[PDB]
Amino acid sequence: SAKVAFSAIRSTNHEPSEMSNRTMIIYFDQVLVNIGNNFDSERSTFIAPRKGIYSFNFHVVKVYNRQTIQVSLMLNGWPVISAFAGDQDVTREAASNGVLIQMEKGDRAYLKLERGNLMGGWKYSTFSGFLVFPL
């Protein structure tokens, strides 16, 4: 209803599943907040419970930054915003962006690795979201 919020973090440097390599969906294992449980089980897809304005924020951190990576915030399979990183030799680098989106009942919001790979594991990556107000 009025209180919907999720907060996830990848607490581990493990490689992606070969199921996750296909779908190109970035998943998060450690869930710090899930109010209304609309952020589902390690699929890392948010299901809008009702109509309203929602906030979204992500940071995709990588240990290996050789090849460029592009992360796109998806809405029902269509990209909304994008973040860019890679082509670096650094300690750790984050591809980060945030946006507010008007959602209708049942929309799906998730992160897709449009380009690059998650070799060496993404760790300390974050994905947050909450309902600002329903409309």
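Start at 1 and count along the sequence shown; that's the residue number.
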Mean Cα B-factor comparison, 37 to 45 or 22 to 30, giving the higher one as deposited: 37 to 45
Higher-scoring stretch by recorded Cα B factor average, 49 to 57 or 67 to 75: 67 to 75
Third assignment of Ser128 from its chain's C-alpha B-factors: middle
Record-listed C-alpha B factor of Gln102: chain third: middle
Relative C-alpha B-factor of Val90, binned into the chain's lowest, middle or highest third: highest
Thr12, C-alpha B-factor rank within chain (lowest, middle or highest third): middle
